[PDB]
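**Q** here are the coordinates; sequence isn't available:
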Ligand SMILES: NC(=O)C1=CN([C@@H]2O[C@H](COP(=O)(O)OP(=O)(O)OC[C@H]3O[C@@H](n4cnc5c(N)ncnc54)[C@H](O)[C@@H]3O)[C@@H](O)[C@H]2O)C=CC1
Ligand SMILES: Cc1cc2nc3c(=O)[nH]c(=O)nc-3n(C[C@H](O)[C@H](O)[C@H](O)COP(=O)(O)O)c2cc1C
Ligand code: SF4
Ligand code: SF4
Ligand code: SF4
Ligand code: FES
Ligand code: FES
Ligand SMILES: [K+]
């Protein structure tokens, strides 16, 4: 066995080489905050939520991408880690529209939950927010790109798993929009799964839209019968 | 300043466009320039070539570049929208770009601009009625020691006065191509008040080479 | 003789819009064969 | 040595910098280029890297990494993949146009530097990423490379060595963020110019997945002169750990803005008053100096008098050397407007991949616009400082630090002007 020894909050744990900081912290038992990282998608590292501090190192590393080394002590809840998380939440909510009561992600939104449990409680933004024009990609996804945070799970899902390669990011800077640049109907056999992997309410299930709310629903486990996959 | 395309009669995917055979030979040379299995690295130059065939990029060179290079068209859309060199709208024959970054703003590029509006009568981003000139404002173009400066097509005009750039406009209206260089007393980058250094002759080869080379 | 009073780089006044690409096409005959990645494309 | 500056004309590496000689092969070989290069290619990569390490040459891109260690990071056996040396010639940084003069006037020095660097690390071929707007400079470089290929200097059996080498030029498409080495590597591959995360470092995984070493134009072109003249000659200039000669671009409100080669440890005031003609209205008319362009904070006249323009002394002066671009602003300049224009330049040039820069640079642009109009409160200003502390150190690339630094320097050195402006606006309009 080639499992090297690392430390999380002063507690030792043995991991295989190539294990990320996020994976080691998950192995110890703390779920590191994240927005762009997905365990079934390629690593992007373009939201900086997962910034944690390794001790004796004057820079915060991205836990979703950076591999661990021997003897690394991951200070998961030190001062600068919380400062970085609060700054990232302030930047993320700087341009987000005040659309929670009209949203279909309200009550099941990653941004709201992580904003309460990691971010601050008031806004220093005294300027005007951006407004991105909406698109359409079919009658299966209600499309509101005003609420997108450019997490780039759309492009990775459409290129890696769905394998259609039609979604992309057009523009440079604050005017970058996650779209298709044309009036193209994004329609695959696994299209609706993008609705599951939007941490914000940018992409909404169109038939389900404006009909229910997660906290008033009852969840019952069952088996799909429309195909033989089960 | 938009990053979404609408199906216009002038700019549609059904607009006729094709490469010339000399452009096809240049495209094949650009493809051979890159390693095998990475033809997508030729997306950036070849599309540039398409601009040099038209002066602007409709949405037919994007699909054509995707067709030859066997890449998805959305990658070509991303490349053509991320960079500011690609003219996705029909610009004029002469493309005036004025630099207004801090080393150029300090040396009064606003007088050059005000000369351009007071001579041609168009705003920034506005076209002439005869579609000959298009004025836009750009960032630093790497001619900071020769500030103020403008560029037209691929030519640089540096150390300009309002009278000088007005004369450049009249010379362009006559059809003649100006001289792409600084218009002051200096030649490329030397100080105007004489040469500070490099007045001695070069010492030629073999000047103080280390022993055992 | 030694001359340092004339701008010798006057060639750039004689360049068209196809100088770089045609020069690359002319220069491609001097180049070695490129390495291969073992496949036609990453999507192949 | 104690007093520095006043570099001798025979010790200047970049002869024909102003274009007063021939830029072709005949003018290049008559100035000392391509001399005994076969011996350099034969003496070994370890000997070349040892000569580089003895010179003490540091990174001239703007970060000041030691070139010897970075070039020795490739001294590893091949693993079935080629190796590449890429020369960065994007030149998107305001205030800096030295590499443009190097490419336009002495391209053969750059070509010999590419060959020496490629042999120094076992690189199969070399790529040069030039700016899209530098069409004439790219054409001149192509002419020089064609004349080098036709004369048998590079290509098959380069310079009579048996080690083949290829030199390519890839033209850019007008982006400042493409100057960053990982964004440059991504832009060569046909993708968008968005930087990668390190690790994996480019020495392990770079362009096309192959090992890749990215180096600046002048730190490549100096290397043949390092290998010919000697390590001690190049290490004699400047202080320890700051050795070499640098190309300084002096611009702004100066009588004669120019580009001049100089020793490393030259004082700022001496350099301006000697090689540039001084600030208009006298030296006491100086208000602020940006030492190395947009990537470093400005300094006032009280510190500019007795400062040394190298890495360590300017780091001690809470700024950075960067690309060695002296931008000068005199007393008749609205420096709030200058910093606002700089931040707006950063807003128009930002790749937008990682969110702190993507949001905070536009936030800083709005705050700077309000500061220029004067519609601001004093308690906002410190908040702006905190915003910079949420950008510096939480970004994928270093454009976020280069955006936070000028605002921090402006606040720290000219807070009373900002308070006076907002107090005047509050007194007038309300
Ligand atoms: N020259 C120009 O036009 C401009 C220059 N800059 C300057 O560029 C700098 C930021 O660029 P960087 O090169 O990213 O800065 P720096 O943080 O990264 O690193 C310097 C060099 O060392 C290498 N390096 C460091 N540690 C390494 C390791 N462990 N393994 C392998 N390689 C390693 C990096 O790859 C890089 O090439 C700033 O100082 C900024 O002022 C900024 C804007 C424009
Ligand atoms: C935003 C950004 C832009 C940069 N632009 C350039 C550039 O235009 N030219 C350059 O040589 N280095 C540039 N760099 C620095 C490079 O990352 C790197 O230092 C350079 O390519 C080689 O460094 P070296 O001098 O140590 O070899 C830039 C860095 C950043 C973060
Ligand atoms: S995506 Fe989340 S934070 Fe944004 S409006 Fe909807 S519920 Fe609110
Ligand atoms: S729409 Fe949602 S999943 Fe897609 S990039 Fe934006 S935030 Fe990510
Ligand atoms: S700091 Fe800005 S320019 Fe750099 S990677 Fe992040 S978004 Fe891109
Ligand atoms: S989860 Fe690591 S940066 Fe997004
Ligand atoms: S600031 Fe205008 S050319 Fe650089
Ligand atoms: K969703």
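**A** On my side now, so go ahead. Numbering: from 1, shown residues only, chains lettered A, B, ... in the order given. Ligands and ions are numbered 1, 2, ... in the order given.
**Q** Now for residue D:283: which residues touch it?
**A** With contacts defined as C-beta atoms under 8 Å, 6 or more residues apart in numbering or on different chains, residue D:283 is in contact with D:269, D:273. The way it works is simple: take the backbone N, C-alpha and C, and place the C-beta from them, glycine included.
**Q** and the longest helix for the chain?
**A** Since no chain was named, I'll use chain A. Identified as the longest helix of chain A according to DSSP state H is helix A:79-92.
**Q** was after chain D, sorry
**A** As assigned by DSSP H, the longest helix anywhere in chain D is helix D:399-429.
**Q** Next, the buried residues of that one.
**A** Buried positions in helix D:399-429, judged by neighbour count with 16 or more other C-beta atoms under 10 Å in any protein chain shown: D:399-411, D:413-414, D:418, D:421-422, D:425.
**Q** what about that helix and chain A, touching?
**A** No: interface with chain A: helix D:399-429 contributes nothing (C-beta under 8 Å from any C-beta of the partner chain), its closest point being 10.2 Å away.
**Q** if you look at that helix, does any of it touch ligand 1?
**A** Yes: using C-beta under 6 Å from any ligand atom, helix D:399-429 reaches ligand 1 at residue D:402.
**Q** Determine the set of other helices and strands touching that helix.
**A** Using 3 or more C-beta pairs under 8 Å, 6 or more residues apart in numbering or on different chains; DSSP states H and E as the contact test, the elements touching helix D:399-429 are strand D:286-290, strand D:299-300, helix D:335-348, helix D:355-373, helix D:378-389.
**Q** hmm, it touching ligand 2?
**A** Yes: residues of helix D:399-429 contacting ligand 2 under C-beta under 6 Å from any ligand atom: residue D:399.
**Q** Excluding chain neighbours, what is closest to the residue in chain B that ligand 5 sits nearest to?
**A** In chain B, no residue comes nearer to ligand 5 than residue B:82, which is 11.4 Å away by C-beta to the nearest ligand atom. Leaving out its chain neighbours, the residue that sits closest to residue B:82 by C-beta to C-beta, 6 or more residues apart in numbering or on different chains is residue D:192, at 4.6 Å.
**Q** still on that earlier bit, ok, now how distant is the residue of chain B closest to ligand 5 from residue D:254?
**A** Distance of residue B:82 to residue D:254, computed by C-beta to C-beta, to the nearest Å: 36 Å.
**Q** Which of the two has more residues huddled nearby?
**A** Counted by other C-beta atoms under 10 Å in any protein chain shown, residue B:82 and residue D:254 do not tie: residue B:82 has more neighbours, with 26 against 22.
**Q** how about the strands of chain A, start to end?
**A** For chain A, the strands defined by DSSP state E cover A:4-8, A:11-15, A:51-54, A:60-62, A:73-75, A:141-143, A:168-170, A:177-179, A:203-205.
**Q** For the ones you listed, could you give me TSV that also reports distance to ligand 8 and mean neighbour count?
**A** Compiled in TSV, the strands of chain A are given as follows (distance: least, C-beta to the ion, whole Å; neighbours: other C-beta atoms under 10 Å in any protein chain shown):
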stretch	distance to ligand 8	mean neighbour count
strand A:4-8	31	19
strand A:11-15	32	14
strand A:51-54	24	24
strand A:60-62	24	23
strand A:73-75	30	21
strand A:141-143	9	20
strand A:168-170	18	24
strand A:177-179	13	23
strand A:203-205	5	20
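**Q** just so I know, which of those lies nearest residue B:153?
**A** Evaluated over these, closeness to residue B:153 peaks at strand A:168-170, with 26.0 Å, by C-beta to C-beta.
**Q** can you tell me if the closest one touches ligand 5.
**A** No: contact of strand A:168-170 with ligand 5 (C-beta under 6 Å from any ligand atom) is absent, the minimum separation being 11.6 Å.
**Q** helices or strands next to that strand in the packing?
**A** Counting by 3+ C-beta pairs under 8 Å, 6+ apart, the packing neighbours recorded for strand A:168-170 are strand A:177-179, helix B:73-82.
**Q** could you dump the ones you listed to a markdown table with distance to ligand 1?
**A** As requested, the helices and strands packed on strand A:168-170 are arranged in a markdown table below (distance: least, C-beta to the nearest ligand atom, whole Å):
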| stretch | distance to ligand 1 |
| --- | --- |
| strand A:177-179 | 27 |
| helix B:73-82 | 19 |
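**Q** Residue C:36: which of the ones you listed is closest?
**A** That would be helix B:73-82 among the helices and strands packed on strand A:168-170, by C-beta to C-beta, at 22.1 Å.
**Q** re earlier: now the longest helix of chain D: how far from the chain's centre is it?
**A** 27 Å (C-alpha atoms, centre = their mean, to the nearest Å).
**Q** Close to ligand 5: what parts of the stretch 201-350 of chain D are there?
**A** So far as C-beta under 6 Å from any ligand atom goes, the stretch 201-350 of chain D lies against ligand 5 at residue D:350.
**Q** What ranges does the stretch 201-350 of chain D have for its strands?
**A** Counting by DSSP state E, counting those that start in this stretch, the stretch 201-350 of chain D has strands at residues D:212-216, D:245-252, D:258-263, D:286-290, D:299-300, D:325-330.
**Q** export these to JSON lines and tack on distance to residue A:46 and mean neighbour count?
**A** Shown next, in JSON lines, are the strands of the stretch 201-350 of chain D (distance: least, C-beta to C-beta, whole Å; neighbours: other C-beta atoms under 10 Å in any protein chain shown):
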{"stretch": "strand D:212-216", "distance to residue A:46": "21", "mean neighbour count": "24"}
{"stretch": "strand D:245-252", "distance to residue A:46": "34", "mean neighbour count": "26"}
{"stretch": "strand D:258-263", "distance to residue A:46": "37", "mean neighbour count": "24"}
{"stretch": "strand D:286-290", "distance to residue A:46": "30", "mean neighbour count": "24"}
{"stretch": "strand D:299-300", "distance to residue A:46": "34", "mean neighbour count": "18"}
{"stretch": "strand D:325-330", "distance to residue A:46": "30", "mean neighbour count": "25"}
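**Q** Grab the most central residue of the chain for me.
**A** All of this is about chain A. The residue lying closest to the centre of chain A (C-alpha atoms, centre = their mean) is residue A:35, at 2.3 Å.
**Q** actually chain B
**A** Chain B has residue B:154 as the residue nearest its centroid, 4.6 Å off, counting by C-alpha atoms, centre = their mean.
**Q** any idea how far that one lies from residue A:218?
**A** According to C-beta to C-beta, residue B:154 and residue A:218 sit 67 Å apart.
**Q** again with residue A:121
**A** Distance of residue A:121 to residue A:218, given as C-beta to C-beta: 32 Å.
**Q** When those two are compared, which one has more neighbours?
**A** Comparing residue A:121 with residue A:218 by other C-beta under 10 Å, the one with more neighbours is residue A:121, at 7 against 4.
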